[PDB]
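*Asks:* Below: one structure in structure tokens.
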Amino acid sequence: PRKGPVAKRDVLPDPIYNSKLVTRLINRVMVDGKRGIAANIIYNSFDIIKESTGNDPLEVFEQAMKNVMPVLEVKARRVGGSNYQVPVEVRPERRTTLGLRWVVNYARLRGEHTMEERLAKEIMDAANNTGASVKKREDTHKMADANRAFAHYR
Amino acid sequence: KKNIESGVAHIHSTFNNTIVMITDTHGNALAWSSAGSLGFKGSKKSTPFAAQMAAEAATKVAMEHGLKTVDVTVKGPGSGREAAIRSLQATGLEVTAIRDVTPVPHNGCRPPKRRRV
RNA sequence: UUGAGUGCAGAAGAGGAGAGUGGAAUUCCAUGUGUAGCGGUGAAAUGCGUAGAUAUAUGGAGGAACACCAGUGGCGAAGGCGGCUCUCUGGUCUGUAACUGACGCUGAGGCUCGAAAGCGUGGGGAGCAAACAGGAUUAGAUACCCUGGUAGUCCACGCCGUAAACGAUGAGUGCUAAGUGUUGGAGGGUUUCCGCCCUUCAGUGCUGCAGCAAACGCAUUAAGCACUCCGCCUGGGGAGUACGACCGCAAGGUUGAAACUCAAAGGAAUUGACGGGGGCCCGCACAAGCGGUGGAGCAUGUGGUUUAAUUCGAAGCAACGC
């Protein structure tokens, strides 16, 4: 925080897929400590994955990671009382965390009646350049490089 | 129109505004662009954010009349000329002469009062 | 003849006055190209622009100041003096010694010079800008901020004669450890010396013995040891005021007290405290996240209105489910 860098807390893999990434995916769904309900609806999401255009239950999640994950972001690095924010390359763990945030934390807005059609089909859509989280990254890269000239020298 | 296609651009900048004009080799004028003319107000005309889009709105009208090569002339040293050139390269020009001529006296007249702020 | 002066030989130098000249930059004017803004602030506004602005190339007018060289460099008694070319002219340093032979130093009265601002007469205005106008800020702002704008700043001829005119250190001479740069010389070793090394003259910085000082500090450019001559001081206010006198067109200048008040005023240093001074650190203090309050309903605590009484305390953190 002030003195030095802090530890980062690597996690435990799944009880089924033996994945840390899917574990972290569960943990950015979990509200009020109800882990079993979020875990079970994510296994239900994998069951919806497996039936409708069943290709691979995990490659669809990796392609959902493909079409979302950033490479650029601006950061307000002024020096002498300016507003010269610099498009900066992102840390890789923060990159994946922004990807999980753009997948799940945008999926509140589908508004369909079945309670996990906003989850399962939503991450089905992100595998093949659909879902509005892809265009979130698109407009993020387009508002990036808006100061490509007068900020990349720092 | 006439497709002159080889000219010189002029970058004039203050501490509160900047003006880019792409001219001929005379330089007779083709098109100018000003940071106030693109909708900005107040103090925001100092930043090179207006320099990029002023260069774009200059070069569009410029190469509608046919334009390949361009030379750089810089006056009024501030923030504008740092990013005006590299934004001027971006819409397809052939920057090949960069000069910074400043109107410099040899102690001719007097500067005004200081500011007691 | 040792001090003090003219020899002859050199040397350096923004020393002075007078006469001409060079380019850049600003402002104005003309011309072409080119359209909706330019300019300014913490933020805005006043202002200029379709009667073609700003901007960009070409010329034309005029005034002022001299970019790098530039250095704790130089010159002069001080004030001061920086583009270049020429005429008159002042001063300093180094050698040397035939020549004069104590001719010196200081200097009350007197005279001369003397930054800016100011006054009179006659010119010119490119900028800049007291007085003044307008916009803005503020409770108010006859200021700081922005847009304009006269006298002035320049030259010639007269006047005034002041400054934080300061090294706040009067002038002349002699004597008293070192080290280190640098400006201008003379001599020796050596040498394509243009370098380098040693010796010595005049400036000019920086550091430091003895010695002095209340301390800070100074210290061969003494604030050390002394002699000669001049100026000035004797508590803070009253006051560089009053009268008298002299100078000036005028503002003003020079010389210069008392009545009455106060028990202090003043220099240098030490410890705290403070600053809208500075350098470093540290905390869920920022930054990264997660969940909230302020929106809605209700409970509860204060301020206000109330009645006959709404009993008392607690008021930023550090009072208000106390």
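Numbering starts fresh at 1 for the residues of each chain in the structure tokens, the chains themselves are lettered A, B, ... in the order given, and ligands are numbered from 1 as they appear.
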Would you mind writing down, as a PyMOL selection string, each residue of chain A that DSSP on the backbone assigns to strand (DSSP E)?

*Replies:* chain A and resi 72-75+86-89

*Asks:* With 10 Å as the limit and counting only C-alpha atoms (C1' of nucleotides), what residues in chain C lie close to chain A? Please list them as a VMD selection string.

*Replies:* chain C and resid 282 to 284 286 to 288

*Asks:* Output the selection as a PDB file, in the first residue's frame - C-alpha atoms (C1' of nucleotides) for each residue.

*Replies:*
```pdb
ATOM      1  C1'   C C 282       4.354   6.750   8.562  1.00  0.00           C
ATOM      2  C1'   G C 283      -1.259   5.278   9.073  1.00  0.00           C
ATOM      3  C1'   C C 284      -8.334   2.101   4.970  1.00  0.00           C
ATOM      4  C1'   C C 286      -5.053   8.720  -0.842  1.00  0.00           C
ATOM      5  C1'   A C 287      -4.982   5.156  -5.158  1.00  0.00           C
ATOM      6  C1'   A C 288      -7.433  -0.768  -6.186  1.00  0.00           C
TER       7        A C 288
END
```

*Asks:* With a distance threshold of 9 Å and counting only C-alpha atoms, extract the residues of chain B near chain A and express them as a PyMOL selection string.

*Replies:* chain B and resi 47-49+52+82-84+86-87

*Asks:* Selected residues, N, CA and C atoms, written as an mmCIF file, in the first residue's frame, please.

*Replies:*
```
data_model
loop_
_atom_site.group_PDB
_atom_site.id
_atom_site.type_symbol
_atom_site.label_atom_id
_atom_site.label_comp_id
_atom_site.auth_asym_id
_atom_site.auth_seq_id
_atom_site.Cartn_x
_atom_site.Cartn_y
_atom_site.Cartn_z
ATOM 1 N N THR B 47 -4.248 22.244 -24.426
ATOM 2 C CA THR B 47 -3.832 20.852 -24.452
ATOM 3 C C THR B 47 -3.687 20.359 -25.888
ATOM 4 N N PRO B 48 -2.796 19.392 -26.131
ATOM 5 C CA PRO B 48 -2.655 18.836 -27.485
ATOM 6 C C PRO B 48 -3.795 17.927 -27.918
ATOM 7 N N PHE B 49 -4.832 17.754 -27.095
ATOM 8 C CA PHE B 49 -6.020 17.035 -27.532
ATOM 9 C C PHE B 49 -6.724 17.775 -28.656
ATOM 10 N N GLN B 52 -4.612 17.380 -32.247
ATOM 11 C CA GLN B 52 -4.832 16.223 -33.110
ATOM 12 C C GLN B 52 -6.043 16.426 -34.007
ATOM 13 N N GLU B 82 4.080 19.793 -29.949
ATOM 14 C CA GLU B 82 4.645 18.500 -29.588
ATOM 15 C C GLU B 82 3.881 17.364 -30.249
ATOM 16 N N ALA B 83 2.554 17.441 -30.247
ATOM 17 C CA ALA B 83 1.713 16.385 -30.779
ATOM 18 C C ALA B 83 1.029 16.759 -32.078
ATOM 19 N N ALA B 84 1.202 17.987 -32.558
ATOM 20 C CA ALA B 84 0.575 18.355 -33.818
ATOM 21 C C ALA B 84 1.249 17.668 -34.995
ATOM 22 N N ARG B 86 2.974 14.622 -35.040
ATOM 23 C CA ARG B 86 2.746 13.185 -35.096
ATOM 24 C C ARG B 86 1.278 12.868 -35.350
ATOM 25 N N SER B 87 0.378 13.783 -35.001
ATOM 26 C CA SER B 87 -0.995 13.676 -35.467
ATOM 27 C C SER B 87 -1.140 14.099 -36.914
#
```

*Asks:* Considering only C-alpha atoms (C1' of nucleotides), state which residue in the set B:58, B:109, B:53, B:90 is at the smallest distance from chain C.

*Replies:*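 With only C-alpha atoms (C1' of nucleotides) as the atom set, the closest residue is B:109.
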
*Asks:* Check the smallest atom-to-atom distance from each of B:107, B:78, B:67, B:33 to residue 2 of chain B using only C-alpha atoms, then report the winner.

*Replies:*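 Counting only C-alpha atoms, the residue closest to residue 2 of chain B is B:67.
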
*Asks:* How far is it from atom CA of residue 69 of chain B to atom CA of residue 88 of chain B, in Å with one decimal?

*Replies:* 11.3 Å

*Asks:* Could you tell me which residues of chain C sit within 7 Å of chain B when counting only C-alpha atoms (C1' of nucleotides), and give me the result as a list in words?

*Replies:*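 Close enough to count are residues 24, 25, 26, 33, 34, 56, 57, 64, 65, 66, 67, 127, 128 and 144 of chain C.
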
*Asks:* Name the residues in contact with residue 104 of chain C at a cut-off of 12 Å, using only C-alpha atoms (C1' of nucleotides), excluding same-chain residues fewer than 3 positions from it; report them as a list in words.

*Replies:*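 In the requested format, the answer is residues 3, 4, 5, 172 and 173 of chain C.
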
*Asks:* Could you write out that same residue set with N, CA and C atoms (P, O5', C5', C4', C3', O3' and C1' of nucleotides) as a PDB file, in the first residue's frame?

*Replies:*
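Okay, this is what ended up in result.pdb:
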```
ATOM      1  P     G C   3      62.101  56.073  -3.876  1.00  0.00           P
ATOM      2  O5'   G C   3      61.045  57.106  -3.290  1.00  0.00           O
ATOM      3  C5'   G C   3      60.413  56.861  -2.043  1.00  0.00           C
ATOM      4  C4'   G C   3      59.756  58.101  -1.486  1.00  0.00           C
ATOM      5  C3'   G C   3      58.878  58.891  -2.440  1.00  0.00           C
ATOM      6  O3'   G C   3      57.598  58.320  -2.629  1.00  0.00           O
ATOM      7  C1'   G C   3      60.277  60.377  -1.268  1.00  0.00           C
ATOM      8  P     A C   4      57.013  58.152  -4.113  1.00  0.00           P
ATOM      9  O5'   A C   4      56.917  59.643  -4.658  1.00  0.00           O
ATOM     10  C5'   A C   4      55.964  60.543  -4.124  1.00  0.00           C
ATOM     11  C4'   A C   4      56.222  61.954  -4.569  1.00  0.00           C
ATOM     12  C3'   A C   4      56.148  62.206  -6.061  1.00  0.00           C
ATOM     13  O3'   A C   4      54.825  62.335  -6.533  1.00  0.00           O
ATOM     14  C1'   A C   4      58.078  63.234  -5.193  1.00  0.00           C
ATOM     15  P     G C   5      54.437  61.745  -7.968  1.00  0.00           P
ATOM     16  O5'   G C   5      55.435  62.473  -8.961  1.00  0.00           O
ATOM     17  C5'   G C   5      55.082  62.701 -10.312  1.00  0.00           C
ATOM     18  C4'   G C   5      55.817  63.896 -10.852  1.00  0.00           C
ATOM     19  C3'   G C   5      56.266  63.805 -12.300  1.00  0.00           C
ATOM     20  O3'   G C   5      55.244  64.182 -13.202  1.00  0.00           O
ATOM     21  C1'   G C   5      58.070  64.517 -10.950  1.00  0.00           C
ATOM     22  P     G C 172      44.526  57.252  -0.395  1.00  0.00           P
ATOM     23  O5'   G C 172      45.830  57.791   0.345  1.00  0.00           O
ATOM     24  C5'   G C 172      46.574  58.876  -0.189  1.00  0.00           C
ATOM     25  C4'   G C 172      47.857  59.098   0.568  1.00  0.00           C
ATOM     26  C3'   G C 172      48.664  57.855   0.893  1.00  0.00           C
ATOM     27  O3'   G C 172      49.463  57.439  -0.199  1.00  0.00           O
ATOM     28  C1'   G C 172      48.529  59.256   2.802  1.00  0.00           C
ATOM     29  P     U C 173      49.828  55.891  -0.398  1.00  0.00           P
ATOM     30  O5'   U C 173      50.930  55.606   0.712  1.00  0.00           O
ATOM     31  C5'   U C 173      52.192  56.241   0.641  1.00  0.00           C
ATOM     32  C4'   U C 173      52.962  56.077   1.920  1.00  0.00           C
ATOM     33  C3'   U C 173      53.221  54.652   2.351  1.00  0.00           C
ATOM     34  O3'   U C 173      54.299  54.070   1.642  1.00  0.00           O
ATOM     35  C1'   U C 173      52.569  55.969   4.217  1.00  0.00           C
TER      36        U C 173
END
```

*Asks:* Taking 4 positions as the minimum chain separation for residues in the same chain, which residues sit within 10 Å of residue 25 of chain A when counting only C-alpha atoms (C1' of nucleotides)? Answer as a JSON list (two decimals) with N, CA, C and O atoms, in the first residue's frame.

*Replies:*
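What ended up in selection-v9.json:
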```
[["chain", "number", "residue", "atom", "x", "y", "z"],
["A", 19, "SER", "N", -10.01, -26.61, -11.48],
["A", 19, "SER", "CA", -9.64, -25.35, -12.10],
["A", 19, "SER", "C", -9.62, -24.25, -11.06],
["A", 19, "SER", "O", -10.54, -24.14, -10.24],
["A", 20, "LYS", "N", -8.58, -23.43, -11.10],
["A", 20, "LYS", "CA", -8.57, -22.21, -10.30],
["A", 20, "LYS", "C", -9.34, -21.10, -10.99],
["A", 20, "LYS", "O", -9.89, -20.22, -10.32],
["A", 21, "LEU", "N", -9.39, -21.13, -12.33],
["A", 21, "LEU", "CA", -10.08, -20.08, -13.07],
["A", 21, "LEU", "C", -11.59, -20.18, -12.90],
["A", 21, "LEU", "O", -12.27, -19.17, -12.74],
["A", 29, "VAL", "N", -19.25, -14.51, -8.39],
["A", 29, "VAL", "CA", -20.70, -14.57, -8.53],
["A", 29, "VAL", "C", -21.27, -14.51, -7.12],
["A", 29, "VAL", "O", -22.37, -13.97, -6.90],
["A", 30, "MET", "N", -20.48, -14.98, -6.15],
["A", 30, "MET", "CA", -20.98, -15.28, -4.82],
["A", 30, "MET", "C", -21.36, -14.02, -4.06],
["A", 30, "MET", "O", -20.59, -13.07, -3.97],
["A", 38, "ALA", "N", -24.30, -20.52, -5.90],
["A", 38, "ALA", "CA", -23.61, -19.99, -7.07],
["A", 38, "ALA", "C", -22.82, -21.08, -7.79],
["A", 38, "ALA", "O", -22.80, -21.12, -9.02],
["A", 39, "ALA", "N", -22.18, -21.98, -7.03],
["A", 39, "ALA", "CA", -21.46, -23.09, -7.64],
["A", 39, "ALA", "C", -22.40, -24.02, -8.38],
["A", 39, "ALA", "O", -22.10, -24.44, -9.51],
["A", 42, "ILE", "N", -23.60, -22.50, -11.53],
["A", 42, "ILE", "CA", -22.56, -22.51, -12.55],
["A", 42, "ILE", "C", -22.38, -23.92, -13.15],
["A", 42, "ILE", "O", -22.17, -24.05, -14.36],
["A", 97, "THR", "N", -9.04, -10.25, -14.31],
["A", 97, "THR", "CA", -10.07, -9.81, -13.37],
["A", 97, "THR", "C", -11.05, -8.85, -14.04],
["A", 97, "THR", "O", -12.26, -8.94, -13.81],
["A", 100, "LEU", "N", -13.31, -11.11, -16.14],
["A", 100, "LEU", "CA", -14.37, -11.72, -15.33],
["A", 100, "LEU", "C", -15.42, -10.69, -14.93],
["A", 100, "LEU", "O", -16.61, -11.01, -14.88],
["A", 101, "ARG", "N", -14.98, -9.47, -14.64],
["A", 101, "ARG", "CA", -15.91, -8.39, -14.31],
["A", 101, "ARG", "C", -16.79, -8.04, -15.49],
["A", 101, "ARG", "O", -18.00, -7.84, -15.33],
["A", 103, "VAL", "N", -17.57, -10.02, -17.94],
["A", 103, "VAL", "CA", -18.46, -11.13, -18.25],
["A", 103, "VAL", "C", -19.62, -11.18, -17.26],
["A", 103, "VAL", "O", -20.79, -11.06, -17.64],
["A", 104, "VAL", "N", -19.31, -11.34, -15.97],
["A", 104, "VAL", "CA", -20.35, -11.60, -14.99],
["A", 104, "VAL", "C", -21.04, -10.31, -14.57],
["A", 104, "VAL", "O", -22.27, -10.22, -14.54]]
```

*Asks:* Give me the residues near residue 108 of chain C as a PDB file with C-alpha atoms (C1' of nucleotides), in the first residue's frame, where near means some atom within 12 Å (using only C-alpha atoms (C1' of nucleotides)) and where sequence neighbours in that chain fewer than 4 positions away do not count.

*Replies:*
```pdb
ATOM      1  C1'   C C 229      45.280  65.673   8.514  1.00  0.00           C
ATOM      2  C1'   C C 230      39.951  66.380   7.860  1.00  0.00           C
ATOM      3  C1'   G C 231      34.241  65.022   8.931  1.00  0.00           C
TER       4        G C 231
END
```

*Asks:* For residue 242 of chain C, work out the shell of residues within 12 Å, counting only C-alpha atoms (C1' of nucleotides) and skipping chain neighbours fewer than 3 positions away, then give it as a PyMOL selection string.

*Replies:* chain C and resi 238-239+256-259

*Asks:* For the selection just defined, write its residues with C-alpha atoms (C1' of nucleotides) to a file, as a PDB file, in the first residue's frame.

*Replies:*
```pdb
ATOM      1  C1'   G C 238       9.278  66.097  19.975  1.00  0.00           C
ATOM      2  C1'   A C 239      11.811  67.006  14.394  1.00  0.00           C
ATOM      3  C1'   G C 256      19.442  74.144  12.508  1.00  0.00           C
ATOM      4  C1'   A C 257      16.915  74.592  18.511  1.00  0.00           C
ATOM      5  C1'   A C 258      13.632  74.819  22.725  1.00  0.00           C
ATOM      6  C1'   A C 259       8.662  74.294  25.643  1.00  0.00           C
TER       7        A C 259
END
```

*Asks:* Tell me which protein, DNA and RNA residues are within 9 Å of residue 99 of chain B, counting only C-alpha atoms (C1' of nucleotides), leaving out same-chain ones fewer than 5 positions away, and put them as an MDAnalysis selection string.

*Replies:* chainID B and resid 71:74

*Asks:* Using only N, CA, C and O atoms, please write the residues we just selected to a file, as a PDB file, in the first residue's frame.

*Replies:*
```pdb
ATOM      1  N   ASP B  71       5.658  20.349 -45.239  1.00  0.00           N
ATOM      2  CA  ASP B  71       6.758  20.757 -44.383  1.00  0.00           C
ATOM      3  C   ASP B  71       6.195  21.392 -43.122  1.00  0.00           C
ATOM      4  O   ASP B  71       5.081  21.924 -43.118  1.00  0.00           O
ATOM      5  N   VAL B  72       6.979  21.348 -42.051  1.00  0.00           N
ATOM      6  CA  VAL B  72       6.531  21.761 -40.729  1.00  0.00           C
ATOM      7  C   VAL B  72       7.198  23.082 -40.372  1.00  0.00           C
ATOM      8  O   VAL B  72       8.418  23.227 -40.509  1.00  0.00           O
ATOM      9  N   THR B  73       6.393  24.043 -39.927  1.00  0.00           N
ATOM     10  CA  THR B  73       6.881  25.322 -39.441  1.00  0.00           C
ATOM     11  C   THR B  73       6.221  25.600 -38.100  1.00  0.00           C
ATOM     12  O   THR B  73       4.996  25.507 -37.980  1.00  0.00           O
ATOM     13  N   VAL B  74       7.030  25.932 -37.098  1.00  0.00           N
ATOM     14  CA  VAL B  74       6.591  25.999 -35.710  1.00  0.00           C
ATOM     15  C   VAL B  74       6.824  27.409 -35.183  1.00  0.00           C
ATOM     16  O   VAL B  74       7.930  27.941 -35.305  1.00  0.00           O
TER      17      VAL B  74
END
```

*Asks:* Please return, as number ranges by chain, all residues of segment 13-101 of chain B that DSSP assigns to alpha helix (DSSP H) on the basis of the backbone.

*Replies:* B: 49-64, 80-88

*Asks:* If you keep N, CA and C atoms, can you produce a file of those selected residues as an mmCIF file, in the first residue's frame?

*Replies:*
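Just written: part.cif:
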```cif
data_model
loop_
_atom_site.group_PDB
_atom_site.id
_atom_site.type_symbol
_atom_site.label_atom_id
_atom_site.label_comp_id
_atom_site.auth_asym_id
_atom_site.auth_seq_id
_atom_site.Cartn_x
_atom_site.Cartn_y
_atom_site.Cartn_z
ATOM 1 N N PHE B 49 -4.832 17.754 -27.095
ATOM 2 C CA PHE B 49 -6.020 17.035 -27.532
ATOM 3 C C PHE B 49 -6.724 17.775 -28.656
ATOM 4 N N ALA B 50 -6.738 19.107 -28.592
ATOM 5 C CA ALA B 50 -7.266 19.896 -29.693
ATOM 6 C C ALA B 50 -6.331 19.915 -30.886
ATOM 7 N N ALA B 51 -5.038 19.662 -30.673
ATOM 8 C CA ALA B 51 -4.075 19.711 -31.769
ATOM 9 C C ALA B 51 -4.287 18.571 -32.755
ATOM 10 N N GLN B 52 -4.612 17.380 -32.247
ATOM 11 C CA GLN B 52 -4.832 16.223 -33.110
ATOM 12 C C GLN B 52 -6.043 16.426 -34.007
ATOM 13 N N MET B 53 -7.167 16.810 -33.417
ATOM 14 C CA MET B 53 -8.380 16.953 -34.204
ATOM 15 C C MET B 53 -8.367 18.224 -35.043
ATOM 16 N N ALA B 54 -7.613 19.244 -34.626
ATOM 17 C CA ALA B 54 -7.402 20.394 -35.498
ATOM 18 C C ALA B 54 -6.566 20.016 -36.712
ATOM 19 N N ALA B 55 -5.549 19.168 -36.518
ATOM 20 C CA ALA B 55 -4.761 18.673 -37.642
ATOM 21 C C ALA B 55 -5.600 17.809 -38.574
ATOM 22 N N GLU B 56 -6.519 17.022 -38.016
ATOM 23 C CA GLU B 56 -7.387 16.190 -38.845
ATOM 24 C C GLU B 56 -8.347 17.033 -39.679
ATOM 25 N N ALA B 57 -9.003 18.010 -39.044
ATOM 26 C CA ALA B 57 -9.915 18.886 -39.769
ATOM 27 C C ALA B 57 -9.188 19.806 -40.741
ATOM 28 N N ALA B 58 -7.888 20.028 -40.550
ATOM 29 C CA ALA B 58 -7.113 20.714 -41.572
ATOM 30 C C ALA B 58 -6.828 19.803 -42.760
ATOM 31 N N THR B 59 -6.308 18.594 -42.495
ATOM 32 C CA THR B 59 -5.822 17.734 -43.574
ATOM 33 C C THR B 59 -6.937 17.197 -44.452
ATOM 34 N N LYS B 60 -8.156 17.055 -43.915
ATOM 35 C CA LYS B 60 -9.274 16.616 -44.751
ATOM 36 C C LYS B 60 -9.561 17.619 -45.867
ATOM 37 N N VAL B 61 -9.746 18.889 -45.500
ATOM 38 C CA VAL B 61 -9.976 19.946 -46.478
ATOM 39 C C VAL B 61 -8.731 20.167 -47.330
ATOM 40 N N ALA B 62 -7.549 19.881 -46.778
ATOM 41 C CA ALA B 62 -6.309 20.035 -47.528
ATOM 42 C C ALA B 62 -6.229 19.049 -48.684
ATOM 43 N N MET B 63 -6.299 17.753 -48.389
ATOM 44 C CA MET B 63 -6.175 16.783 -49.468
ATOM 45 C C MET B 63 -7.489 16.500 -50.183
ATOM 46 N N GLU B 64 -8.570 17.232 -49.892
ATOM 47 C CA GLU B 64 -9.610 17.328 -50.913
ATOM 48 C C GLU B 64 -9.120 18.110 -52.122
ATOM 49 N N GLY B 80 1.423 22.856 -28.038
ATOM 50 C CA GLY B 80 0.683 22.402 -29.203
ATOM 51 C C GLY B 80 1.538 21.669 -30.216
ATOM 52 N N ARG B 81 2.762 22.144 -30.441
ATOM 53 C CA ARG B 81 3.584 21.607 -31.516
ATOM 54 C C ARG B 81 4.185 20.250 -31.195
ATOM 55 N N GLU B 82 4.080 19.793 -29.949
ATOM 56 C CA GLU B 82 4.645 18.500 -29.588
ATOM 57 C C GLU B 82 3.881 17.364 -30.249
ATOM 58 N N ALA B 83 2.554 17.441 -30.247
ATOM 59 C CA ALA B 83 1.713 16.385 -30.779
ATOM 60 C C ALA B 83 1.029 16.759 -32.078
ATOM 61 N N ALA B 84 1.202 17.987 -32.558
ATOM 62 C CA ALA B 84 0.575 18.355 -33.818
ATOM 63 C C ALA B 84 1.249 17.668 -34.995
ATOM 64 N N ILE B 85 2.557 17.432 -34.904
ATOM 65 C CA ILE B 85 3.287 16.834 -36.017
ATOM 66 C C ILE B 85 2.949 15.354 -36.152
ATOM 67 N N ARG B 86 2.974 14.622 -35.040
ATOM 68 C CA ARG B 86 2.746 13.185 -35.096
ATOM 69 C C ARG B 86 1.278 12.868 -35.350
ATOM 70 N N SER B 87 0.378 13.783 -35.001
ATOM 71 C CA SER B 87 -0.995 13.676 -35.467
ATOM 72 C C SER B 87 -1.140 14.099 -36.914
ATOM 73 N N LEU B 88 -0.240 14.953 -37.395
ATOM 74 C CA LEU B 88 -0.288 15.377 -38.785
ATOM 75 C C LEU B 88 0.216 14.273 -39.701
#
```

*Asks:* Rounded to one decimal, what separation in Å do you get between atom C1' of residue 227 of chain C and atom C1' of residue 174 of chain C?

*Replies:*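 Answer for the atom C1' of residue 227 of chain C to atom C1' of residue 174 of chain C separation: 9.6 Å.
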
*Asks:* In terms of the shortest atom-to-atom distance over only C-alpha atoms (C1' of nucleotides), which of C:281, C:105, C:209, C:88 is closest to residue 16 of chain C?

*Replies:*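 Ranked by minimum distance to residue 16 of chain C, first place goes to C:88.
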
*Asks:* Closest to residue 47 of chain A among A:119, A:139, A:134, A:145, using only C-alpha atoms?

*Replies:*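 So, comparing all the options, the nearest one is A:119.
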